[PDB]
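Before any questions on binding or motion, here is one chain by itself as structure tokens, the form solved without the partner chain.
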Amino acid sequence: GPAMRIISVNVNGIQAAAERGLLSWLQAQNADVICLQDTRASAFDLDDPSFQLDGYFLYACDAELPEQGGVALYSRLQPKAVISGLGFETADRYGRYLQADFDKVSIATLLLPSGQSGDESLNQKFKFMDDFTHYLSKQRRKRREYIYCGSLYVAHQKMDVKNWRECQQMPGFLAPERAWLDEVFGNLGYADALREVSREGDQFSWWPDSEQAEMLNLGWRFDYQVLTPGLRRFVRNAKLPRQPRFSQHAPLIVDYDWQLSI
């Protein structure tokens, strides 16, 4: 019966990640759609034939200054349409959004700023958040379903971070950041794909770049597949494997009881 697999990875530079084996690992995962974030590549850079995956169409969107963003989406089916951007600057100037439309459902790749390099960067992250809330408050009135493969740089609940008491003071688990996700998953009615099938802790998707973070698992769950409520009962499995990886982020692999078509 019906099945679809969607894999989402923040690659922290698609060339750096590819040099680490990302593409041959993806080729083998049996994904219907792959969503990448933070490619750091220009449209011309992504024209390099070694980024193509056999059996997949590849779409991308680049940041004005390519290193500041970029996202991409591979699909086995040729989507009905692909659109980029969200209609606000902290997305559109940074290639932080791209969407593929299928029958009844669109699947997107979404990237936020991390807000980790000072107050200016955190201002930019809060503004993106607020503008994205506004977009979702309108979009939830549409009839089609959406799967937002999102690299959010925000962990929602205590179980989504290791040592929540120290994290509370750092970008990623600030009170207004947790509040934003409470709004997304609460009043706005969206679903957290992994949380529809698992309430266990110790499932993280990002680690600072240090051997001590790696040995002690000082991880944060920053990567999600955020769902329209019509898809919430279709989730089958979700996994954030610690290995292999290609960046500071783990891949998020989610299977759904849904037969993708165009």
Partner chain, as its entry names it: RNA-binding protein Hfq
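Numbering follows the first chain given and starts at 1.
Asks: Can you tell me which stretch has the higher mean Cα B-factor, 214-222 or 66-74?
Replies: Between 66-74 and 214-222, it is 214-222.
Asks: Test of understanding: from the entry's C-alpha B-factors, which stretch has the higher mean, 44-52 or 223-231?
Replies: Taking the mean B-factor of the alpha carbons in each, 44-52 is higher.
Asks: Which of these, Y135, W180, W164, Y148, has its C-alpha atom at the highest B-factor, as the entry lists it?
Replies: Among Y135, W180, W164, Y148, the highest C-alpha B-factor in the entry belongs to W164.
Asks: Could you say which of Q157, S121, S106, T109 has its CA atom at the highest B factor, as listed in the PDB entry?
Replies: In this record, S121 carries the highest C-alpha B-factor of the candidates.
Asks: How does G186 rank on Cα B-factor within its chain, lowest, middle or highest third?
Replies: For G186, the deposited C-alpha B-factor lands in the lowest third.
Asks: Would you mind ranking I34 by its C-alpha B-factor against the rest of the chain and naming the third, lowest, middle or highest?
Replies: It falls in the bottom third of the chain.
Asks: How does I83 rank on Cα B-factor within its chain, lowest, middle or highest third?
Replies: Highest third, going by the recorded CA B-factors of the chain.
Asks: State the tercile, meaning the lowest, middle or highest third, of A193 with respect to the CA B-factors recorded for its chain.
Replies: For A193, whose C-alpha B-factor we compare with every modelled residue in the chain, the answer is the lowest third.
Asks: Within this chain, which third does the Cα B-factor at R96 fall in: lowest, middle or highest?
Replies: According to the entry, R96 has a C-alpha B-factor in the chain's lowest third.
The form solved in complex with the partner chain is left out here; the points below concern that form.
Asks: Do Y59 and the partner chain share at least one heavy atom pair within 4.5 Å in the bound PDB entry?
Replies: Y59: contacts the partner chain in the bound PDB entry.
Asks: Should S84 be counted as a contact of the partner chain in the bound PDB entry, where contact means heavy atoms within 4.5 Å?
Replies: Answer yes; at least one heavy atom of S84 falls within 4.5 Å of the partner chain in the bound PDB entry.
Asks: Please check if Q78 has a heavy atom lying within 4.5 Å of any heavy atom of the partner chain in the bound PDB entry.
Replies: Yes, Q78 lies within 4.5 Å of the partner chain in the bound PDB entry.
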